[PDB]
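Colleague: Below: one structure in C-alpha cells.
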Number of protein chains: 2
Amino acid sequence: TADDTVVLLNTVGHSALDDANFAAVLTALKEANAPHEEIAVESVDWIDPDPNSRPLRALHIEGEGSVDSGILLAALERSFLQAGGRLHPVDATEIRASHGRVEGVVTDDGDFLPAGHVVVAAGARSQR
Amino acid sequence: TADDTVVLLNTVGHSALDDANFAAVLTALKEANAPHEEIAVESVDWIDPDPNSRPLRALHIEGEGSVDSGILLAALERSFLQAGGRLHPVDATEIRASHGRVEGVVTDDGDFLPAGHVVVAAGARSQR
C-alpha cells in the first residue's frame with residue numbers, strides 16, 4: 001500500500017522519548033547506509049494537523065513501506081494451497097510427545113493428527 | 001548584556017506565522033552572509049521548557065545581542081551632560097512657530113524656552 005514512510009516529530013509527547021528516538025532513527029539510518037532524508041514539513045503531502053499538534057521536523061525513509069494485512073493473509077492462504085498445503089480449520093488443544101519426540105496434535109473437535117514436525121505459531125497462546 | 005541571540009521554533013502559535021517567519025529569518029541571514037547556524041535544541045544552554053511547549057528547531061545568530069535599557073538611559077543622560085547638554089525635567093505643552101519658523105517651546109511649568117531648532121522625540125505623544 002506504500003513504498004516509503006515519513007517519521008514526524010511533534011511536541012505531543014515526552015522530549016525524553018520523542019527527541020531521543022528521532023535522533024536514534026536518524027543515526028541508525030546513517031549507520032545502515034539506508035536511503036532517507038530530513039525534509040521540510042511543508043513538503044509532507046496530505047497531512048493537515050492542528051497547528052498546536054503539528055510536526056516541526058520530518059524524516060522520509062525510502063523503501064520502508066506498508067502492506068494491507070488482510071490482502072497479505074489472503075495471498076498467503078492462496079500461496080499455501082498453490083504449493084500443496086492443506087488448511088484444517090480447527091484449533092490445537094494439546095501437543096503429544098513421548099521419549100522426547102513429537103507424535104502430533106489433538107484438535108478441539110476431539111480428533112488426533114500425527115506428525116514428525118509441529119511448528120507452534122499460535123501468537124499469544126504459543127507458550128501456554 | 002549579550003552578544004548572541006537564539007531564535008526558537010515551537011508549536012505554541014500559528015504555522016502561518018511561526019513556520020513562515022522562521023524560514024524568512026533563515027533566508028535573510030543566508031542573503032546577508034551573516035554568521036549563524038541552525039543548532040540542535042539540546043545544545044541551547046539554560047532553557048527548561050514544558051515538553052508540550054518545547055522548541056524542535058533553534059537558530060544561533062552571532063553578533064545579534066541585547067542591552068540593559070536602564071543602564072543605556074543612565075549612560076545616555078551622563079554622556080549628554082559630559083558633552084555640554086542641559087537636562088530640564090519638565091514636559092513641552094506647545095511648540096510656538098510664526099512665519100513658518102520655530103520660536104521655541106512652552107513647558108508645563110508655564111515657562112517659555114526659545115530655540116531655532118526643536119527635535120520632537122516624545123514617543124507616542126510626538127504627532128499630537
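Following the order of the C-alpha cells, first chain is A, next is B, and so on, with residues numbered from 1 inside each chain and ligands from 1 in the order they appear.
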Please check the contacts: residues of chain B at most 6 Å away from chain A, using only C-alpha atoms, listed as a PDB file with N, CA and C atoms, in the first residue's frame.

Modeller:
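Printed below is iface.pdb as written:
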```
ATOM      1  N   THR B  11       5.543  24.895  18.718  1.00  0.00           N
ATOM      2  CA  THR B  11       4.216  24.776  18.067  1.00  0.00           C
ATOM      3  C   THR B  11       3.160  25.534  18.876  1.00  0.00           C
ATOM      4  N   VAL B  12       3.557  26.452  19.754  1.00  0.00           N
ATOM      5  CA  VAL B  12       2.590  27.261  20.553  1.00  0.00           C
ATOM      6  C   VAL B  12       2.309  28.551  19.780  1.00  0.00           C
ATOM      7  N   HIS B  14       0.628  29.946  15.446  1.00  0.00           N
ATOM      8  CA  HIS B  14       0.094  29.634  14.102  1.00  0.00           C
ATOM      9  C   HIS B  14       1.257  29.199  13.216  1.00  0.00           C
ATOM     10  N   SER B  15       1.112  28.088  12.485  1.00  0.00           N
ATOM     11  CA  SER B  15       2.068  27.652  11.428  1.00  0.00           C
ATOM     12  C   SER B  15       2.215  28.760  10.376  1.00  0.00           C
ATOM     13  N   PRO B  51       7.815  20.074  28.100  1.00  0.00           N
ATOM     14  CA  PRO B  51       7.924  19.281  26.869  1.00  0.00           C
ATOM     15  C   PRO B  51       6.836  19.556  25.819  1.00  0.00           C
ATOM     16  N   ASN B  52       5.588  19.818  26.248  1.00  0.00           N
ATOM     17  CA  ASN B  52       4.474  20.076  25.297  1.00  0.00           C
ATOM     18  C   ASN B  52       4.601  21.471  24.667  1.00  0.00           C
TER      19      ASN B  52
END
```

Colleague: Where does DSSP see helix (DSSP H, G or I) in stretch 3-95 of chain A, if you list the residues as an MDAnalysis selection string?

Modeller: chainID A and resid 15:31 41:43 51:53 69:82

Colleague: Would you output that residue set with N, CA, C and O atoms, as a compact mmCIF listing (two decimals), in the first residue's frame?

Modeller:
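Below is the file that was written, part18.txt:
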```txt
# COMPACT_ATOMS: atom_id res chain seq x y z
N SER A 15 9.86 14.79 25.59
CA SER A 15 11.17 15.05 24.95
C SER A 15 12.11 13.86 25.18
O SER A 15 12.84 13.51 24.27
N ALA A 16 12.04 13.23 26.35
CA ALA A 16 12.94 12.13 26.78
C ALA A 16 12.70 10.87 25.93
O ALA A 16 13.63 10.05 25.87
N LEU A 17 11.53 10.71 25.31
CA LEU A 17 11.27 9.63 24.33
C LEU A 17 11.43 10.18 22.91
O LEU A 17 12.34 9.73 22.20
N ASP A 18 10.58 11.12 22.51
CA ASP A 18 10.41 11.53 21.09
C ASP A 18 11.70 12.18 20.55
O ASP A 18 12.08 11.86 19.41
N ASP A 19 12.35 13.07 21.30
CA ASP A 19 13.59 13.76 20.83
C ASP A 19 14.72 12.72 20.73
O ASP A 19 15.41 12.66 19.69
N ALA A 20 14.88 11.88 21.75
CA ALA A 20 15.94 10.85 21.81
C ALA A 20 15.72 9.84 20.67
O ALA A 20 16.73 9.46 20.02
N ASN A 21 14.47 9.44 20.42
CA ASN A 21 14.13 8.38 19.44
C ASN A 21 14.28 8.92 18.02
O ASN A 21 14.72 8.16 17.15
N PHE A 22 13.97 10.18 17.78
CA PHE A 22 14.14 10.79 16.43
C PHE A 22 15.63 10.78 16.06
O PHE A 22 15.97 10.42 14.91
N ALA A 23 16.49 11.16 17.00
CA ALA A 23 17.97 11.21 16.86
C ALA A 23 18.49 9.78 16.61
O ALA A 23 19.31 9.62 15.70
N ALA A 24 17.99 8.80 17.35
CA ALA A 24 18.37 7.37 17.24
C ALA A 24 17.97 6.80 15.87
O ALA A 24 18.73 5.98 15.33
N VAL A 25 16.82 7.20 15.33
CA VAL A 25 16.33 6.75 13.98
C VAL A 25 17.29 7.30 12.92
O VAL A 25 17.71 6.54 12.05
N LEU A 26 17.56 8.60 13.00
CA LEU A 26 18.48 9.33 12.08
C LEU A 26 19.84 8.63 12.08
O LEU A 26 20.39 8.35 10.99
N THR A 27 20.35 8.31 13.27
CA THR A 27 21.66 7.65 13.48
C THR A 27 21.63 6.26 12.82
O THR A 27 22.52 5.98 12.00
N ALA A 28 20.64 5.44 13.15
CA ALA A 28 20.52 4.03 12.69
C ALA A 28 20.42 3.97 11.16
O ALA A 28 20.98 3.02 10.58
N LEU A 29 19.74 4.95 10.54
CA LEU A 29 19.63 5.08 9.07
C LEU A 29 21.01 5.35 8.46
O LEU A 29 21.34 4.70 7.43
N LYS A 30 21.76 6.27 9.06
CA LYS A 30 23.13 6.66 8.63
C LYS A 30 24.05 5.43 8.72
O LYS A 30 24.69 5.10 7.72
N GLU A 31 24.08 4.75 9.88
CA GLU A 31 24.90 3.54 10.14
C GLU A 31 24.66 2.47 9.08
O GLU A 31 25.64 1.88 8.60
N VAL A 41 8.73 20.09 6.55
CA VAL A 41 7.38 19.60 6.96
C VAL A 41 6.36 20.05 5.92
O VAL A 41 5.41 19.29 5.68
N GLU A 42 6.55 21.23 5.30
CA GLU A 42 5.65 21.80 4.26
C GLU A 42 5.64 20.90 3.02
O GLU A 42 4.68 20.97 2.25
N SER A 43 6.65 20.05 2.83
CA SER A 43 6.76 19.13 1.67
C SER A 43 6.13 17.76 1.97
O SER A 43 6.08 16.95 1.05
N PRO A 51 -2.41 23.19 14.14
CA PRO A 51 -1.14 23.87 14.33
C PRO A 51 -0.46 23.62 15.68
O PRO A 51 0.76 23.51 15.71
N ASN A 52 -1.22 23.49 16.77
CA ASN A 52 -0.65 23.27 18.13
C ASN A 52 -0.15 21.83 18.27
O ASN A 52 0.51 21.57 19.28
N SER A 53 -0.47 20.93 17.33
CA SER A 53 -0.06 19.50 17.35
C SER A 53 0.84 19.17 16.15
O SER A 53 1.12 17.98 15.94
N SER A 69 -2.73 -5.92 5.57
CA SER A 69 -2.58 -7.20 6.32
C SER A 69 -3.64 -8.21 5.86
O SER A 69 -3.35 -9.41 5.93
N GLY A 70 -4.83 -7.74 5.46
CA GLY A 70 -5.94 -8.60 5.01
C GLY A 70 -5.64 -9.24 3.66
O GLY A 70 -5.83 -10.46 3.51
N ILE A 71 -5.14 -8.45 2.71
CA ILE A 71 -4.73 -8.93 1.36
C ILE A 71 -3.49 -9.84 1.52
O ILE A 71 -3.40 -10.85 0.79
N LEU A 72 -2.59 -9.53 2.46
CA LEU A 72 -1.39 -10.36 2.75
C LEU A 72 -1.86 -11.75 3.21
O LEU A 72 -1.35 -12.75 2.67
N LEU A 73 -2.80 -11.81 4.16
CA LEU A 73 -3.32 -13.09 4.71
C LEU A 73 -3.97 -13.91 3.58
O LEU A 73 -3.69 -15.11 3.50
N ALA A 74 -4.78 -13.28 2.73
CA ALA A 74 -5.47 -13.92 1.59
C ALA A 74 -4.44 -14.49 0.62
O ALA A 74 -4.63 -15.61 0.14
N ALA A 75 -3.37 -13.73 0.35
CA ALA A 75 -2.28 -14.09 -0.59
C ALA A 75 -1.46 -15.24 -0.01
O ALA A 75 -0.98 -16.09 -0.79
N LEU A 76 -1.27 -15.27 1.31
CA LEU A 76 -0.52 -16.36 2.00
C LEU A 76 -1.35 -17.65 1.93
O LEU A 76 -0.78 -18.69 1.58
N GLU A 77 -2.65 -17.57 2.23
CA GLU A 77 -3.59 -18.72 2.16
C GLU A 77 -3.59 -19.28 0.73
O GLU A 77 -3.42 -20.49 0.58
N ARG A 78 -3.79 -18.41 -0.27
CA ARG A 78 -3.78 -18.75 -1.71
C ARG A 78 -2.45 -19.44 -2.06
O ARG A 78 -2.51 -20.50 -2.69
N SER A 79 -1.32 -18.86 -1.65
CA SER A 79 0.04 -19.35 -1.99
C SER A 79 0.30 -20.70 -1.30
O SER A 79 1.03 -21.53 -1.87
N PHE A 80 -0.26 -20.90 -0.11
CA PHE A 80 -0.13 -22.15 0.69
C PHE A 80 -0.82 -23.30 -0.06
O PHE A 80 -0.19 -24.35 -0.26
N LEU A 81 -2.07 -23.07 -0.48
CA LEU A 81 -2.89 -24.06 -1.23
C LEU A 81 -2.20 -24.38 -2.57
O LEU A 81 -2.08 -25.58 -2.87
N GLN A 82 -1.71 -23.36 -3.28
CA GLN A 82 -1.00 -23.49 -4.59
C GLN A 82 0.21 -24.43 -4.44
O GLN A 82 0.51 -25.14 -5.42
```

Colleague: Can you list, as a ChimeraX atom specification, all residues belonging to stretch 9-96 of chain B that DSSP tags as strand (DSSP E)?

Modeller: /B:9,36-39,57-61,92-96

Colleague: Just the selected residues (N, CA and C atoms), exported as an mmCIF file, in the first residue's frame, please.

Modeller:
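Output saved as again_8.cif:
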```
data_model
loop_
_atom_site.group_PDB
_atom_site.id
_atom_site.type_symbol
_atom_site.label_atom_id
_atom_site.label_comp_id
_atom_site.auth_asym_id
_atom_site.auth_seq_id
_atom_site.Cartn_x
_atom_site.Cartn_y
_atom_site.Cartn_z
ATOM 1 N N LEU B 9 11.897 27.768 17.554
ATOM 2 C CA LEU B 9 10.627 27.407 16.887
ATOM 3 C C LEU B 9 9.944 26.317 17.712
ATOM 4 N N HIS B 36 25.781 32.650 11.535
ATOM 5 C CA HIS B 36 24.638 31.969 12.192
ATOM 6 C C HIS B 36 24.786 30.469 11.963
ATOM 7 N N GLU B 37 24.127 29.634 12.763
ATOM 8 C CA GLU B 37 23.885 28.224 12.369
ATOM 9 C C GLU B 37 22.619 27.703 13.047
ATOM 10 N N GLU B 38 21.902 26.837 12.337
ATOM 11 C CA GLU B 38 20.819 26.012 12.917
ATOM 12 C C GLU B 38 21.501 25.000 13.831
ATOM 13 N N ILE B 39 21.121 24.976 15.106
ATOM 14 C CA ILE B 39 21.757 24.117 16.140
ATOM 15 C C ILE B 39 20.714 23.138 16.670
ATOM 16 N N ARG B 57 13.292 23.203 16.753
ATOM 17 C CA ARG B 57 14.349 23.831 15.922
ATOM 18 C C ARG B 57 14.861 25.092 16.626
ATOM 19 N N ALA B 58 16.144 25.386 16.453
ATOM 20 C CA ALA B 58 16.822 26.529 17.101
ATOM 21 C C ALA B 58 17.877 27.096 16.153
ATOM 22 N N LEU B 59 18.020 28.413 16.193
ATOM 23 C CA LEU B 59 18.845 29.231 15.286
ATOM 24 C C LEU B 59 19.718 30.168 16.133
ATOM 25 N N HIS B 60 21.030 29.934 16.143
ATOM 26 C CA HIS B 60 22.055 30.777 16.807
ATOM 27 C C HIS B 60 22.455 31.902 15.851
ATOM 28 N N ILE B 61 22.167 33.160 16.205
ATOM 29 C CA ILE B 61 22.595 34.361 15.432
ATOM 30 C C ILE B 61 23.740 35.045 16.185
ATOM 31 N N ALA B 92 7.146 69.573 27.423
ATOM 32 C CA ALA B 92 6.635 70.552 26.444
ATOM 33 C C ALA B 92 5.108 70.452 26.427
ATOM 34 N N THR B 93 4.415 71.592 26.447
ATOM 35 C CA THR B 93 2.940 71.703 26.310
ATOM 36 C C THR B 93 2.578 72.115 24.876
ATOM 37 N N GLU B 94 3.443 72.882 24.210
ATOM 38 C CA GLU B 94 3.120 73.577 22.936
ATOM 39 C C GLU B 94 4.421 73.986 22.237
ATOM 40 N N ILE B 95 4.510 73.738 20.931
ATOM 41 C CA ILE B 95 5.577 74.285 20.045
ATOM 42 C C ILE B 95 5.062 75.601 19.468
ATOM 43 N N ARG B 96 5.824 76.690 19.614
ATOM 44 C CA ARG B 96 5.458 78.017 19.045
ATOM 45 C C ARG B 96 6.257 78.228 17.756
#
```

Colleague: Skipping near chain neighbours, those fewer than 2 positions away, what residues fall within 12 Å of residue B:107 using only C-alpha atoms, listed as a CSV table (one decimal) with N, CA, C and O atoms, in the first residue's frame?

Modeller:
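The file below, out11.csv, is the result:
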```csv
chain,number,residue,atom,x,y,z
B,88,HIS,N,16.4,69.6,31.4
B,88,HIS,CA,15.4,70.4,32.1
B,88,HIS,C,14.2,69.4,32.3
B,88,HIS,O,13.4,69.2,31.4
B,89,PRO,N,14.0,68.9,33.6
B,89,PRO,CA,13.0,67.9,33.8
B,89,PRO,C,11.5,68.4,33.9
B,89,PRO,O,10.9,68.3,34.9
B,90,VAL,N,11.0,69.0,32.7
B,90,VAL,CA,9.6,69.4,32.5
B,90,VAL,C,9.2,68.9,31.1
B,90,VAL,O,10.1,68.4,30.4
B,91,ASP,N,7.9,68.9,30.9
B,91,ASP,CA,7.3,68.4,29.6
B,91,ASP,C,7.0,69.7,28.7
B,91,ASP,O,6.5,70.7,29.3
B,92,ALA,N,7.1,69.6,27.4
B,92,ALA,CA,6.6,70.6,26.4
B,92,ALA,C,5.1,70.5,26.4
B,92,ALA,O,4.6,69.3,26.4
B,93,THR,N,4.4,71.6,26.4
B,93,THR,CA,2.9,71.7,26.3
B,93,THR,C,2.6,72.1,24.9
B,93,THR,O,1.5,71.7,24.4
B,94,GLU,N,3.4,72.9,24.2
B,94,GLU,CA,3.1,73.6,22.9
B,94,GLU,C,4.4,74.0,22.2
B,94,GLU,O,5.3,74.5,22.9
B,95,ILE,N,4.5,73.7,20.9
B,95,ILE,CA,5.6,74.3,20.0
B,95,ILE,C,5.1,75.6,19.5
B,95,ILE,O,3.9,75.6,18.9
B,96,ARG,N,5.8,76.7,19.6
B,96,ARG,CA,5.5,78.0,19.0
B,96,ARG,C,6.3,78.2,17.8
B,96,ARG,O,7.5,78.0,17.8
B,104,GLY,N,10.2,78.4,19.7
B,104,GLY,CA,10.6,77.5,20.8
B,104,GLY,C,9.5,76.8,21.4
B,104,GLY,O,8.6,76.4,20.6
B,105,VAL,N,9.5,76.6,22.7
B,105,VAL,CA,8.6,75.6,23.4
B,105,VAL,C,8.1,76.1,24.7
B,105,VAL,O,8.9,76.5,25.6
B,109,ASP,N,5.3,73.9,33.2
B,109,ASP,CA,5.5,74.8,34.4
B,109,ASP,C,5.2,76.2,34.1
B,109,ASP,O,5.3,77.1,35.0
B,110,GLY,N,4.8,76.6,32.9
B,110,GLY,CA,4.3,77.9,32.5
B,110,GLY,C,5.4,78.7,31.7
B,110,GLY,O,5.1,79.7,31.1
B,111,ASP,N,6.7,78.2,31.8
B,111,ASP,CA,7.9,78.9,31.3
B,111,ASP,C,7.8,78.9,29.7
B,111,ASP,O,7.0,78.1,29.2
B,112,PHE,N,8.6,79.7,29.0
B,112,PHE,CA,8.9,79.6,27.6
B,112,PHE,C,10.4,79.5,27.3
B,112,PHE,O,11.1,80.4,27.8
B,113,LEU,N,10.8,78.5,26.5
B,113,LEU,CA,12.2,78.3,26.1
B,113,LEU,C,12.4,78.6,24.6
B,113,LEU,O,11.7,78.0,23.8
B,114,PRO,N,13.2,79.6,24.3
B,114,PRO,CA,13.4,79.9,22.9
B,114,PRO,C,14.4,79.0,22.2
B,114,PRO,O,15.3,78.6,22.9
```

Colleague: Rounded to one decimal place, report the atom CA of residue A:6-atom CA of residue B:7 distance in Å.

Modeller: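 Value for the atom CA of residue A:6-atom CA of residue B:7 distance: 26.1 Å.
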
Colleague: Separation of atom CA of residue B:115 and atom CA of residue B:83, in Å?

Modeller: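 A separation of 18.7 Å between them.
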
Colleague: Rounded to one decimal, what separation in Å do you get between atom CA of residue B:106 and atom CA of residue B:86?

Modeller: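 Between atom CA of residue B:106 and atom CA of residue B:86 the gap is 16.8 Å.
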
Colleague: What lies within 10 Å of residue A:67 using only C-alpha atoms, ignoring chain neighbours under 6 positions off, as a list in words?

Modeller: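 In the requested format, the answer is residues 1, 2 and 3 of chain A.
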
Colleague: With N, CA and C atoms retained, could you export that selection as a short mmCIF file (atom, residue, chain, number, x, y, z; two decimals), in the first residue's frame?

Modeller:
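Here's the written file result.cif:
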```cif
data_model
loop_
_atom_site.label_atom_id
_atom_site.label_comp_id
_atom_site.auth_asym_id
_atom_site.auth_seq_id
_atom_site.Cartn_x
_atom_site.Cartn_y
_atom_site.Cartn_z
N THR A 1 0.84 -1.24 0.00
CA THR A 1 0.00 0.00 0.00
C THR A 1 0.87 1.27 0.00
N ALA A 2 2.15 1.18 0.34
CA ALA A 2 3.12 2.29 0.24
C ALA A 2 4.56 1.75 0.20
N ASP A 3 5.45 2.50 -0.43
CA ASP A 3 6.89 2.16 -0.57
C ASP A 3 7.71 2.84 0.53
#
```
